[PDB]
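Structural description and commentary
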Amino acid sequence: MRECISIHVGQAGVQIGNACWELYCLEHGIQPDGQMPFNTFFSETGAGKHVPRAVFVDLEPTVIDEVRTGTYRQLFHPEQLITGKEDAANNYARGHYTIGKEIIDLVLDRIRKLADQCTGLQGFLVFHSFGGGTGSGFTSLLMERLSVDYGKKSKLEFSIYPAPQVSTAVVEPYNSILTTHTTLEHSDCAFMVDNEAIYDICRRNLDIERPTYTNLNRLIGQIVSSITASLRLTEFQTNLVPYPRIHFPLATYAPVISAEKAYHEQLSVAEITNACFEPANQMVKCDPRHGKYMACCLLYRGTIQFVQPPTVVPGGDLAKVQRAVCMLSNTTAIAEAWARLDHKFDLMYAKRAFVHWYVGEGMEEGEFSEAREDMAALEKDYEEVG
Amino acid sequence: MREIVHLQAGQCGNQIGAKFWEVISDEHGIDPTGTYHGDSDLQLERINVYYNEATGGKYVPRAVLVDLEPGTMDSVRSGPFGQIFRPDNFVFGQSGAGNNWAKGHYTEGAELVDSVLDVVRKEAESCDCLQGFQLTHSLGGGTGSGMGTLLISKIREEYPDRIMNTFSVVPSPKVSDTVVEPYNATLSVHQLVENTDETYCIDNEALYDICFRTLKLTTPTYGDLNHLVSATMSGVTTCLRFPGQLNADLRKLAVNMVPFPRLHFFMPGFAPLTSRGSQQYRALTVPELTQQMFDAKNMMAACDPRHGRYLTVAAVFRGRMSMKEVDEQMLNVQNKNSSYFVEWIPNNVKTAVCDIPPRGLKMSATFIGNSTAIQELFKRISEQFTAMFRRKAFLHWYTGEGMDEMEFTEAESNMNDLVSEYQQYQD
Amino acid sequence: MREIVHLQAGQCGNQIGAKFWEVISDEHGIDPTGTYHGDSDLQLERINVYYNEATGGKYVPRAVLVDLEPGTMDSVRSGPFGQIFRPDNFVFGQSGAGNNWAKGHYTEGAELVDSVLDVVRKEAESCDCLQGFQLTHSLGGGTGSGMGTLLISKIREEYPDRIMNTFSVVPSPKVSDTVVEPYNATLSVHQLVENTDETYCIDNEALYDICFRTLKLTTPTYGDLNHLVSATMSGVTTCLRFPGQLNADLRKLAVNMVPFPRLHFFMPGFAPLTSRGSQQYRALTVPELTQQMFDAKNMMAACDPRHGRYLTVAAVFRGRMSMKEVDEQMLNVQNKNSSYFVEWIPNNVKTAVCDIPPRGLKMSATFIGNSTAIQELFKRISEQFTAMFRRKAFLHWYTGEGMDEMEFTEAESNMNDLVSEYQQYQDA
Amino acid sequence: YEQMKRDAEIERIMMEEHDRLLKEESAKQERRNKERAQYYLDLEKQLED
Amino acid sequence: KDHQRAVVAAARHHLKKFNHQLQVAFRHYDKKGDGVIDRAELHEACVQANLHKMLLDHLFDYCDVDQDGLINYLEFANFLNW
């Protein structure tokens, strides 16, 4: 009766959600037509069918239609899968102001039915990213609507944070500063991951070259399942955050090793606890030695300056390790990542690059300055709590 | 559900356009009958973007072919893949424009401009929620460019909140065919700098040097050049048709590219190009593909990057391929080479990866460059416009039916101000 | 079992009224000898409506043929009508019509009508639930209007509660194969504005341009020209002959579609109208059928609809369609281009569907619409009179019987009174 | 092993299409040769005239 | 074509009129002669009645049953009426 409801928004959201629900139906005995040959995330029909508590939303049909046609089509109720007509064009302008008003009503109504079929509410799991248009603006609209609506029940978000050096979109600092500006207060807590740090840890811990997105989202699904494996969630919210702005913990997983080295090396509790604090094995590419740790949570499935076993995925790379630890840490290392991201925003906003699309769609020239000053306020708040 | 409506203009478009619809169609498994014969189930999923459905389970393209001599429509319809269209959509005049701006813009195209927007209307009205259009042409001739610059600007005044993609085969000066090509290209950028939301600049001189050194072909006809052009529109809207591990839409790719509005001219380029005598020896991976898509000879514009500094870069990739090898390989080209990139853009490179390659290839990509030295393609047209127009070499055949001496010099500095707008951002 | 009395008139409407019957005969299966031939029993259910039965398996029509010349009914006898109907009611003389209105109304119109009205009155008195009148005429010629208004005028004087279903090919602005067509209109406005109930106003011009652009045919003769008129008068009456998911009678289509005492001049259209090639290349299900019939391209007039509004639009449908789909798609066209319609009716259009289509087609419709765009046709015939008035240009057949220089111009005022009382409500 | 087998099949397919290219090139060359023979023939005919 | 069709219709009509003016005897005679819908037998019946033969053969083929060419015997007498 300890339920949680999952919404997966944007393309990064639905590809990490597919790997997630793969891992959960793997973890229970649920073969993926829904019938056992558990009800914290599932609802059980009287016929013997298991339906997830999940809503998928995107504005290109070509990323939901893969889920609707592929091998998980007999898992869902087929109007849980929200689908637009034109994508948000990597615009906060289009996800927030112009296109998202055709689907926000259906999103809220399916949230309303999935949150009336339950018996005790604990939180929602919103899976998103800080690059794209519907990963920023529609998530901010959904965020403000659900914090105004449901009140104090906890919303956890999982964000692919834009990397220190390498990114696909040119426009990314604009969307990231603008989404954090209005997704500070509404969300209860969100977690940071970086593609570049996951690429380096995928290069050197598990000895694979040329990784890809399924090899990343397997790791992200293992981390999320390790967070919410103590139910088969308000404690994190009253533990980690000192003040109501610093709600971005970092995460890692300690025994991420292949089978060929896992056969020789044992995994003691001491080995996995120190492997969490090694900066080579962090999963957000910041420098933690310039930071000082303000909090740690260490979930054990199965100079360091303070201020049920894991499952196995078919076609997987992480070896079967008897015990593992997921670290949900909170550091003072993100003061350099925010400085570099807001500097990347500042270079483009010195001469108004790419601004006139969002200007002609919805916002004024000072509506970016408001986000700029409200992120300078965030780095004076880390410097203040230094 | 995020659709598009194709259109044509002139002879140079119709050889590209009718080559385009035998590149999309056989990549969708569709016979020239229209009967679907395809292995995969993904193909019938997104037919609704470019096509429409006839009774019987047949598929019709969403396109209109327009020109001012009926010899160029009979050539298309008699072709191998020309029957698929609507015979009611074939629209053409009878009195030829004959490289006349004043005909194709002012008098002759104005008794076809009633008929062509109705075919634009009733075919872009069955669509549920539009994304934009397409127009394929050149900027040398009269009705391929003067009607082509009216068909944009009228359509801009009815559906102005969509994305009207266009093409442009630019007049090469050193590969020239018409004596008066400055008088038609300089009057064409005037009504096209303000009415398209993106527009490519390919030209026939660089399409020869991509075809004499990399391809090393002996005899290039006009069926192997427009094959190169129709296979780099399929790259830039594959995400609009097919899923992938990271997809960028049409309208996503507009926002990230243009720094300030008047800078929306691009430079296309197709990444794997090999001669048929040297294909087996060449290994196909991503580091051995990024060195061919940044090459100065695999660029389908006559301009050069190294006489300028880059602004933004897109690169849609296609195939089964890991994403670390995209993310850091294009860091590295950005990282070592630092002079050629601007410094108030801290990350100069986009990406997008589909899952479905072009037919018969293990791996492919498509470059989109936005250089700053493309002003050298605009300095080389204006200096061929300060010579003929100073002694008034040819004006009395265009100004005999509608314009004035002031109409050209109103639209000459409106093409010459764009050189200086690149110059202020050049350093 | 409901009925409408027919008559046939003019040289124009006789051939289209000869073209009337062959479209109806394939719907049910009356072979021209008289044997019923159709496996659908719903044809057999309403053989009363245009027809009479005969003993011996045969069947016969209900229409009486009049023209003041022999050969037109000898041309109708070259068609199947003499093969079906009684050889008594062919009422033909060899005398000269002369294409004078005053010799279609006064000399052989006067003599030869009582050998017709004694059978016009006969078929009415033989049955009980008579409801209507048909008369297939033209506004064009003198003798197609001089007898045409004669068979209307004196008959509402003793049958005053009827569905009068005329036809009138109007004087075209450009196509003119007769130099006396500007005169024969204003004579036919003295009576037929008051004494009609529905009128199929067509012209010769607009039946070519449908055949030029849309049909992509290169020869409209007078032979196949009539299917643009003959097939679309059969759309209205399939409520009577045949069942449906809704039903609208031609007393109901008098109620629903005529809003005013005198505004009942109509303009039809048939829905799967296309060329040979484009029909594979265009889908026409209900989502595309409505976008065709409301073009400026399937009209039976040359007037400009964007120089007007639409007062009362109806459409009778024919086939197995979802009524959600018709109600939604009519709502879109009613709202998208909503500035076409007038501000009087809140729901400016009207629909009615059935369950029987024509032959060889999955689906059709039959759009008949009372626009207000036809108002600038009226200025033309005032202009085509006023040039032929200061000259008295042809008045030596009409002055032979006698209509003076005032008796024309007090009916010319009447044409303006068909505009003036229309103009009083044209704006505020 | 499955990925290796797929690699071998796809490589054999591409070498088949290259062999097709070789055969069509030889056909085009023989077509050019027969055009040259035809030109020689009717030039000799004109000399006889 | 439609005109010749109406001509054949009127011909069969006058044939039925003569049938009224016996029916069984005529049917038996036709069956014993050439063929129930034989074009040659058709032309004989023509001569007789008095319906003065390419068009006559065409009408016979029209009446002749598809493939059967006997107008379905019983239906052949039926058309002789019609």
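Method information in the entry identifies cryo-EM as the source of the structure, with 7.7 Å recorded as the resolution.

Per the PDB entry, chain E is named EF-hand domain-containing family member B, and its organism is Mus musculus.

Within the UniProt record for chain A, the comment given under Catalytic activity is "GTP + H2O = GDP + phosphate + H(+)". Recorded under Cofactor, the UniProt text for chain A is reproduced unchanged: "Mg(2+)".

1. Focus: the overall build of chain E
The secondary structure content of chain E amounts to five helices and zero strands. Beginning at the N terminus, the succession of helices and strands in chain E can be written as α-α-α-α-α. Overall size of chain E, expressed as C-alpha extent along the three principal axes, is 35 × 30 × 20 Å.

2. Looking at the overall build of chain A
In terms of regular secondary structure, chain A is built from 14 helices and 11 strands. Taking 2.2 N^0.38 as the reference for a compact globule, 386 residues should give roughly 21 Å; the C-alpha atoms of chain A span a radius of gyration of 20 Å, in line with that estimate. Principal-axis analysis of the C-alpha atoms places the extent of chain A at approximately 60 × 55 × 40 Å.

3. Side note on the pairing of strand β3 (residues 58-61) of chain B
All names here are of chain B. Sheet topology places strand β2 (residues 51-54) next to β3; four bridges connect them, and they run antiparallel. When the bridges of β3 are listed, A54 appears paired with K58. Between β2 and the antiparallel strand that follows it, β3, lie three residues; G56 among them carries a positive phi value of about 105°.

4. Points about the interface of chain B and chain A
The interface of chain B with chain A comprises 15 residues on the first partner and 16 residues on the second. Classifying every residue of the side of chain B that touches chain A gives seven nonpolar, three polar and five charged.

5. What about the sheet that holds strand β8 (residues 198-202) of chain C?
Residues and elements named next belong to chain C. Spatially, five strands are ordered β1-β6-β7-β8-β9 in an open sheet, and the strand pairing comes out parallel. Of all the strands in the sheet, the pair left with one neighbour each is β1 (3-5) and β9 (265-266). The pairing of strand β6 (residues 130-138) with strand β7 (residues 163-169) spans seven bridges and is classified as parallel. Among the inter-strand pairings, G132 is bridged to a residue of β7, identified as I163.

6. Points about the arrangement of the chains
The pair of protein chains exhibiting the most contacts, out of two pairs of chains in contact, is chains A and B. There is no contact between chain A and chain C; across them, the least C-alpha separation is 18 Å. With respect to C-alpha atoms, chain B approaches chain D no nearer than 8 Å, and the pair has no contact.

7. Some thoughts on the pairing of β7 of chain C
Bridge analysis of β7 of chain C against β8 of chain C gives five bridges, and the strand direction is parallel. Counted as the bridge partner of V169 of chain C is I202 of chain C from β8 of chain C.

8. Topic: the environment of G144 of chain B
All names here are of chain B. Relative to the helices and strands, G144 is located in the loop between β7 (132-133) and α5 (148-156). In sequence terms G144 and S126 are 18 residues apart; their C-alpha atoms lie 27 Å from each other. With near-sequence residues (within four places) excluded, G144 lies in contact with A9, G10, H137 and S138.

9. Things to note about the domain arrangement of chain A
Where the parts come together, the accessible area they lose is often given as the size of the interface. The assigned domain composition of chain A is domain 1 (2-249), domain 2 (250-333) and domain 3 (334-386). Measuring from the centre of the C-alpha atoms in domain 1 of chain A to the corresponding centre in domain 3 of chain A gives 25 Å.

10. Some remarks on the sheet that holds strand β13 (residues 312-319) of chain B
All names here are of chain B. Strand order in the open sheet formed by seven strands is β7-β8-β10-β12-β15-β13-β14, and the pairing between neighbours is mixed. Edge strands, defined here as strands with exactly one partner in the open sheet, are β7 and β14 (352-353). In terms of strand pairing, strand β10 (residues 198-200) meets strand β12 (residues 265-270) through two bridges, oriented parallel. The residue of β12 that forms the bridge with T199 is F265.

11. Quick notes on the UniProt feature "binding site: Ca(2+) 2" in chain E
Residues and elements named next belong to chain E. With numbering aligned to this structure, UniProt lists the feature "binding site: Ca(2+) 2" at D64, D66, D68 and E75. Take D68: it is sitting in the loop between α4 (54-63) and α5 (74-81). By secondary structure assignment, the location of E75 is in helix α5.

About the cut-offs
- Residues numbered from 1 in each chain as written, not as in the entry; some residues may be left out.
- Chains lettered and ligands numbered in written order.
- Part of a larger assembly, values for the part shown.
- Heavy atoms only, no water.
- Residues with missing side-chain atoms left out of burial classes, pairs and counts.
- UniProt positions renumbered as here; feature names shortened; annotations may be inferred.
- Helix = DSSP H or I, 4+ residues; strand = E, 2+ residues; numbered from the N terminus.
- Rg over C-alpha atoms; globule rule 2.2 N^0.38 Å.
- Pairing = 2+ DSSP bridges.
- Contact = heavy atoms within 4.5 Å.
- Nonpolar A, V, L, I, M, F, W, Y, C, P; charged D, E, K, R; others polar.
- Domains from an automatic or database assignment.

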